[PDB]
Amino acid sequence: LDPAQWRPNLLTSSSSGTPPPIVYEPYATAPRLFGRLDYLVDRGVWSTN
Amino acid sequence: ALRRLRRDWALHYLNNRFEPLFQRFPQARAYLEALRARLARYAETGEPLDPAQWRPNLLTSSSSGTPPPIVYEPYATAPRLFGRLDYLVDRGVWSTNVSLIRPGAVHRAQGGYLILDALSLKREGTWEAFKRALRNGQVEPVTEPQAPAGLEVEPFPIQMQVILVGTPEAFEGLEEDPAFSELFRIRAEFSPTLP
Amino acid sequence: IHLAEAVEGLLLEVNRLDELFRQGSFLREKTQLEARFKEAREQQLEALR
Amino acid sequence: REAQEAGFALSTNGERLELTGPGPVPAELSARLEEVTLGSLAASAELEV
């Protein structure tokens, strides 16, 4: 059983709502807008968690 | 409960040593508290602690102030401007950490002046990245395409002064961009002839 | 540089983190906590008996 | 001195310390023992530095 395969991945930090979450993304690109799927390479084989 | 305890007095011990460090390093609050949390996670979970991943990486040091740091970078390619992020190979595995971050031209021009050739920026196609670095304070070490795991570098406030230098023709390819005139506002034109 | 030596000492203090787990106070609370959960387990065991 | 005044025996395990006596130790005595031991092994870390 691999612990890395099972984890609640955090995405954001709580705020009071005032100020609301204003995210400015002056550099608009696919990895920074939609998020990124980074991997770990084991001896030339890409694996994900 | 034992795991919670090995976090509770983990912080209970760590606070006594960390307090003088906070007193003498009031501007490294985030790093020091993050290292405290990492030590807490080590004590609780028992996960091994990597010495390389938690070390302040020296970029530069100022034994000076007259003259200020004057960084003339005529080869303004992205690795030479923003720095390199070199990796270590562990049995064919790409790995990286804070200690493997190398300073470029931007990280040694802080508090001083960064002199670049406008022709170099035009030729190497790095003007977009440099413009983003100037406006947003987003400096990011160049990465290698075959290494998928990178490091999320936070934006860094830019304290440098950029003094581009170039022929008028080299800037005729840059003044068309409105963001250029937004950033660079001082035109130090050299008269081709003197009286 | 001073921050560098401070960080080096902090990294080296994983040995101290391990050592404080065999302190009289830590062992005392651990034995007491084992005693309390074992008292609950002994109550259940006596009901079963 | 504080342990002797309280009436407990200070048994040293090496760098660590512990209290041998009848039943639970007083909270102030336990806190003082913990702080003294933590300061002692902090002094050991400073010795390494």
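Return B:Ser191, B:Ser62 ranked ascending by Cβ neighbour count within 10 Å, so the fewest neighbours appear first.
Values: B:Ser191 6, B:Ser62 11.
If I rank by nearby Cβ atoms, fewest first, I get B:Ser191, B:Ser62.
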- the range C:21-44 versus chain D: alpha-carbon centroid distance in Å: 20
- Excluding residues fewer than 8 positions from B:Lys131 in its own chain, the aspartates and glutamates with Cα under 19 Å of it are A:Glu25, B:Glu73, B:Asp117, B:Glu140, B:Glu154, B:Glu172, B:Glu175, B:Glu176, B:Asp177, B:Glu182
- Task: Fewest Cβ neighbours within 10 Å first, please rank B:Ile158, B:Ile186 accordingly.
- Result: B:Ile186, B:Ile158
- Message: Rounding to the nearest 10 and keeping the result within 0 to 90°, find how far the Cα-based axis of helix D:27-48 lies from the longest principal axis of chain D.
- Response: 20
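Inverting the mean 1/r over all pairs of different Cα atoms, compute the Kirkwood radius of chain D and quote it in Å.
11.5
When Cβ neighbours within 10 Å are restricted to other protein chains, what is their mean count per residue of peptide D:19-26? Please list the in-between numbers first.
Values: counts 3, 1, 0, 0, 0, 2, 3, 0.
Mean inter-chain Cβ contacts per residue within 10 Å come to 1.
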- Query: Remind me, relative contact order of chain D in percent, using alpha carbon pairs under 8 angstrom and six or more residues apart?
  - Reply: 27
- Query: For labels at B:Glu169 and C:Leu27 in the simple 7 Å Cα→Cβ model, what's the distance in nm?
  - Reply: 8.4
- Note on the structure: Each label sits 7 Å from Cα toward the beta-carbon; between B:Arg135 and A:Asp2 the label points are separated, in nm, by 4.0
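Could you order the peptides C:36-48, C:7-19 from most to least packed, using the average number of other C-beta atoms within 10 Å per residue? Display every interim value, and only then the final one.
Working: C:36-48: 9.6, C:7-19: 16.9.
With the highest mean Cβ count within 10 Å placed first, the list reads C:7-19, C:36-48.
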- Estimated FRET transfer efficiency when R0 is 22 angstrom, pair D:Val49-B:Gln159 (beta carbons, to 0.05): 0.10
- Message: Once each part is reduced to its C-alpha centroid, what is the distance from the range B:60-91 to chain A in angstrom?
- Response: 29
- Query: Over its Cα atoms, what ratio of radius of gyration to 2.2 N^0.38 Å does the protein assembly as shown give?
  - Reply: 1.40
- Message: Which of B:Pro141, B:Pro74, B:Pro168 ends up with the largest GNM mean-square fluctuation for chain B, with Cα atoms connected below 10 Å?
- Response: B:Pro168
- Work out the mean other chain Cβ neighbour count within 10 Å for the residues of C:25-32 and drop it here as an integer. 5
- Query: Based on the Cβ-Cβ distance of D:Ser40 and B:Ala30, what FRET efficiency does E = 1/(1 + (r/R0)^6) give at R0 = 22 Å, to the nearest 0.05?
  - Reply: 0.10
- Once you've got the GNM for chain B with C-alpha springs shorter than 10 Å, pick whichever of B:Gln27, B:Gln161, B:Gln110 has the biggest mean-square fluctuation. B:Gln27
- Task: Over all alpha-carbon pairs of chain C, lay out the pair-distance distribution in 10 Å bins, whole %, shortest bin first.
- Result: 23, 24, 21, 17, 10, 5, 1
- Message: Could you work out the relative contact order of chain B? I mean the mean sequence separation of Cα pairs under 8 Å and 6+ apart, divided by the number of residues, in percent.
- Response: 19
- Which one of B:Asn57, B:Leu134, B:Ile186 is farthest out on the positive end of the charge dipole of chain B, using unit charges on Cβ (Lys, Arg +1; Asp, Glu -1) and the Cα centre as origin? B:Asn57
- Item | Average beta-carbon neighbours from other chains, 10 Å sphere, peptide B:65-75 | 0
- A student asked for the Cα radius of gyration and Dmax of the range B:1-113 in angstrom ought to give 19.0, 60
- Message: Less than 19 Å apart at the alpha-carbon level, and either on another chain or at least 8 residues along: which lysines does that give for C:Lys38?
- Response: C:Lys30
- Note on the structure: Rounded to whole angstroms and listed largest first, the alpha-carbon spread of chain B along its three principal axes comes to 83, 42, 30
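Where nothing but the Cβ of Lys and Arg (+1) and of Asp and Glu (-1) is charged, how large is the charge dipole of chain B around its Cα centre, in debye to the nearest 20?
1100
B:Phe22: net charge of surrounding residues, Cβ under 14 Å, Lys/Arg +1, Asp/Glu -1, itself excluded? Write down the numbers at each step before the final one.
Working: positive: B:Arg17, B:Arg24, B:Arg29, B:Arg36; negative: B:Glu19, B:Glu33.
Here the count lands on +2.
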- Task: Note down the magnitude of the dipole of the protein assembly as shown about its Cα centre, charges +1 on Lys and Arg C-beta and -1 on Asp and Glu C-beta and zero elsewhere, to the nearest 20 debye.
- Result: 440
- Is any residue of the range B:163-195 close enough, with backbone N under 17 Å, to a label point placed 7 angstrom from the Cα of B:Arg123 along the Cα-Cβ axis, and if so, which? B:164-174
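Note: ideal-geometry Cβ built from the backbone for every residue, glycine included; neighbour counts use all protein chains shown. Values quoted throughout were computed directly from the atomic coordinates according to the rules given, and no laboratory measurement underlies them.
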